[PDB]
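The structure tokens that follow cover one protein chain in two forms, given apart as structure 1 and structure 2.
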Structure 1
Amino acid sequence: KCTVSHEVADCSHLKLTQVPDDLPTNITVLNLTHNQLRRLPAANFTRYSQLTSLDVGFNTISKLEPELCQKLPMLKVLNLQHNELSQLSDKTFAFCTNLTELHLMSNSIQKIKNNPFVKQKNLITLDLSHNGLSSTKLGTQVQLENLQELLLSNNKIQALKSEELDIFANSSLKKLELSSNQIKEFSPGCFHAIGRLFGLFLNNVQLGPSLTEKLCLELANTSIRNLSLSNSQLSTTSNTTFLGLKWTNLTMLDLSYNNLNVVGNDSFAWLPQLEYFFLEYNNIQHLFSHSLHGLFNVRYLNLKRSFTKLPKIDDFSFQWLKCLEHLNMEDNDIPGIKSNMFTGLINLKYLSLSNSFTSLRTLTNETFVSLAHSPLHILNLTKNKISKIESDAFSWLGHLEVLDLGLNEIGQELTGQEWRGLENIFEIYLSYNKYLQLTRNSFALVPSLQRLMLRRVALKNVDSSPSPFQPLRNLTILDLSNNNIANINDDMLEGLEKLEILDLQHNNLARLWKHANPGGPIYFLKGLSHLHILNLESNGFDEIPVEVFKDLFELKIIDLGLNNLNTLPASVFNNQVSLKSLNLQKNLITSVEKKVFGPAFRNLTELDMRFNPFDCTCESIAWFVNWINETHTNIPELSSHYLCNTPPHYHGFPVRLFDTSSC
């Protein structure tokens, strides 16, 4: 019937007309979320003596007799969604007061009649989302004394009146939804009648001028803390709007997607207590210095796409925001950084510049001077079409932790004059760059680096110098991939003992392990004792030295994949003990031996020897089948992937189907 895990009979989608009538009587959450019922009589419900959370949403119910609440005193939450309870009665639930929540979304109620509910001793939440109510006259006398979160989410309301809220004379409202409902009037006095109206929501409602000013004057001398004015058409700002909000102790605001085209003058100076600020997605075209007056208590700023595709951010237009901590100037057409742009933001901790500049092709020394007095922790700086980094463009940044310089066009030949300072650098994101030629002293000025990401960067001059990574001693992740590197000496990793991940993925090292190379194969995987993941993939090594993996003892994953490698030498994994995985996908391995691959399969957990064309004979795969008989190693699927290919005698067979006793 219905799956029951512990105490929930989750009848998810079982189109039914009657209750199941066969579940244990101690179930509570009879989650019949679509089961097309039409009546809930007080006879079948008798067995359900421990029902707690009756959820029958998305159903077609038109009547609820009071007898239903006779047999359910333990009910806590009811959720009647998308029903047809247009008609309501005084006794549909009158004595039925033990709820802890209530929801009646999309019941299509056009009238509240007289007083559908008058006790409501424990009603925390009440939702009327998509009904069509045109008032707030939910009663006639004092009631709802314990309601917290009322939701008039989307209705046909037109105004607000003092008399209609008299029922809320002593109700502590926390977060009041009046969103998505065109209001065109506010009669004098609405919210001082309500005892503890804290929140307020006016999103997706067109207020505009001649209404916003009257609203903010109406809110006067009220205990409102949050606010919401998203998508409300507000093309400008003046010192007369939000004037009445000088007496409110308001701690939040929301003015996003409203297309604030221009900011006139000293505005917001009437909001000295604003702690959050949402002006994202605006069509702003200018920014005067006196635009942001008095916002000295704002802690979060959201300007992701306010500055539209040229704006002229005036001089010293940020000096007033003395308490800003999070900046969101991400996706704008800001034309370059002026010398007096970001002055005074000494509380800044997050910059988020990415796709903002159409002028930052280069970074000169006198370009980041504005942030000299401002501490900085995260410097995003991605894909602003940066061309080249000149000398000492990061001198003014001393507390910086992340230099996330990826998706850029940085093509040059470094010398070490671009990271002057940056003694507290913890991460550089140099991936996805055009080219970067090295020297022996390019990273000598950053001994504190911990994460050198060098993927998809055509990295030359890697072997000619003594060691480009010799100064690096606190490096843990060395991402070196998609660079077409094809010549390496014992210089990658000299003194780098705390390196943990050494990806070398799309590299042409195939020719430098061969046995015909003068001086022997290059044994560059040396000196490593704390390497966790070493992805030597997609290179083309058709050979492995017997002692190529001597230094690696605690290594976990030793992935060698997508190569032309076969004929594994014996004892190749002899010394690796804590080798929690292998991977030799898409190779030419055909024969497995108890010495070649025995000691490696001890404490294993995964294998992906997927597409190698196994030779299928009683000696080629015998230990392998006797080992896959009992799989303490959670190997992935063995169906239609491991196949017998070489010998025509028994060709075309999965490995497990081999007969062990025949040989």
Structure 2
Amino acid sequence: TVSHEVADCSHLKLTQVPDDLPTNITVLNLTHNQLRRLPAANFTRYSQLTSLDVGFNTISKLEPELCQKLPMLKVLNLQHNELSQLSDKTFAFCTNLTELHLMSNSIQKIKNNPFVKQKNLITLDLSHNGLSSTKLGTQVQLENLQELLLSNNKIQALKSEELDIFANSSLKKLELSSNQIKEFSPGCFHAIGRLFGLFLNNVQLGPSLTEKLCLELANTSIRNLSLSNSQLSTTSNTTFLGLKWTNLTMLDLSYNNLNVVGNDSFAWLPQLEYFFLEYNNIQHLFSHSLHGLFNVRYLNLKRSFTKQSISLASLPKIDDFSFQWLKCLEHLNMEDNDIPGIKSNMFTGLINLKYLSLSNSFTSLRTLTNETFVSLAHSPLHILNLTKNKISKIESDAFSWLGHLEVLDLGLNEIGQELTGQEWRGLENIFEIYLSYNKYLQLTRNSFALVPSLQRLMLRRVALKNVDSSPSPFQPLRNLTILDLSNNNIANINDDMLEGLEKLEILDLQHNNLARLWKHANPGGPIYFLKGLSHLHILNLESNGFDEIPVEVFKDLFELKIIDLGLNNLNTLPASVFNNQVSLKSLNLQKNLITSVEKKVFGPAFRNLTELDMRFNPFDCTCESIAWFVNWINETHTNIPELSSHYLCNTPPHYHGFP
């Protein structure tokens, strides 16, 4: 029963409440216990409780005396119990409750008036019960109740009389999910004082019943209406007629298996702002299908279209000018679809668009012709996502229409070509370009000469070729900050590749082959490709096969903080190498061949750190080579994980395995 300010007793197998706790405890948690009964006589000591979570237990019934001992209780949680009987005196003395959870209590019928005696209630939960009617009392009560949950019940109708108790209550959420509701009575929602949101997820309504619901929702204050998994196979221009008289803003139609969308179906939602259509089975989107939605600010179409079938090749076709109506659209999530391709008028009319996602949106967008993004000429796009589209070639002037583009995501594709440099023309405001996980890229002298504003360039596992050109391909990128060149099997790097990139901060070169470039036997001398990077912060050089470190590689990294050198073949290091790393924070040298840690090399590096990773190193336990290191280990504040588990000497055999 650990407790400092709140009390936790979760999964402690308690049968009776403890009697030894501070009197001024505010939260008392007893989830996942076996409390058969809860006598109130044991709550005399606990008279300052605010939250009482006694859920997931086996309480049969409660007593009104429990509330007497708690004068200021605000939360009462009784999830997954056997409290199937309620009375007027059950919640009589409790009047400050702002939360009441009764989920999965097997409550069958609300008898007379269990909730009359409280007026400050905010949230009421009745999910997973055996209730058949939404009647919670006779007179009007629950003045401040804002959220009412009735999901997973056995309610088959919504009669007008049963909601007469909410004539003056502002319901912000009426959860009625998973209830086989098949009849709606007139005035059922008009009787509710102020209904702001309705949720009918997993409710088998159907199109005709959906139209009846919308008609019953006319001239009300609804703002949200979730109809997920409602088996809404087909919509028409009259399905949402009843919403013409309201101001609905959020509509959810996900998982409805919507086979087709009718012409002018959504013309009755001029105030819609958030529209959801993910995980549907739409086979054809008409030009006027999305008519009347000129105020939508966020449209989701993830898996909204039909998948390809070898039987018929029923690829979902999107007609031209289909998105011309979404004037105020600002976010289009359109991932995991099977569209044949982009047309010249597919995205016409989106004059306020700022985010377009096309991750795996097309079956085969092999070539990015310069006319592909012509429909996005007037769209002020900022972020474009094109991952997993199996793109194989990008022609010149492909992105010449996206003048406002800032983030381009071309990773996880099959782009194999030579970057002539003309592919990035027109990206005058580009900031980040992602190209990782491609087939193979061949850089040129002027590959990135047309995008001087670039700041991020990720090229992880792309099999870079001709990166060792005499003019550095990264020279025009004066504002570059993050560069990733990992898992490219790079062999040769020139010393002037990173020349002029003063603002570079994060550089990744792990999982490459640069061992030869740093050995003293390399013809032409070791390559010092890390000079001038005065603002470098994070350096990664894992699995490079390094066997020797030149003395003056880190001579100018005055602001280096994180350096990674694990999975290398380092055995000895030059003396006085980390002198300029005055602000180093994390040093990683795991899975190396280092046998000696001396002050002459690791002195300045161990000045003020916060992490250290030298786990799988064959240390040599000798006072000449490890004594300073173990003495430093003894007194320090640096975090060294697995210090006593893997920091084991290998030689001499006398100290073989001794930490």
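C-alpha atoms forming the largest set that superposes within 1.5 Å between two forms make up the rigid core. One-based numbering along structure 1's sequence throughout.
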Report task. Once the rigid core is lined up, just say which one of 345, 422, 582, 229 has a C-alpha that travels 2 Å or more between the two structures. Result -> 582
Query raised in the report: After the core is overlaid between the two structures, has the C-alpha of residue 549 moved by 2 angstroms or more?
Result: yes
Query raised in the report: C-alpha of residue 465: shift of 2 angstroms or more between the two structures, rigid core aligned?
Result: yes
Query raised in the report: Quick one: core overlaid, is residue 513 moving 2 Å or more at the Cα between the two structures?
Result: yes
Report task. Using the rigid core as the frame, report the C-alpha movement of residue 146 between the two structures, one decimal, in Å. Result -> 2.0
Query - Rigid core superposed, the C-alpha shift at residue 648 between the two structures in Å - result: 4.1
**Report entry** Core-fitted comparison between the two structures - CA shift at residue 525, Å
**Finding:** 2.4
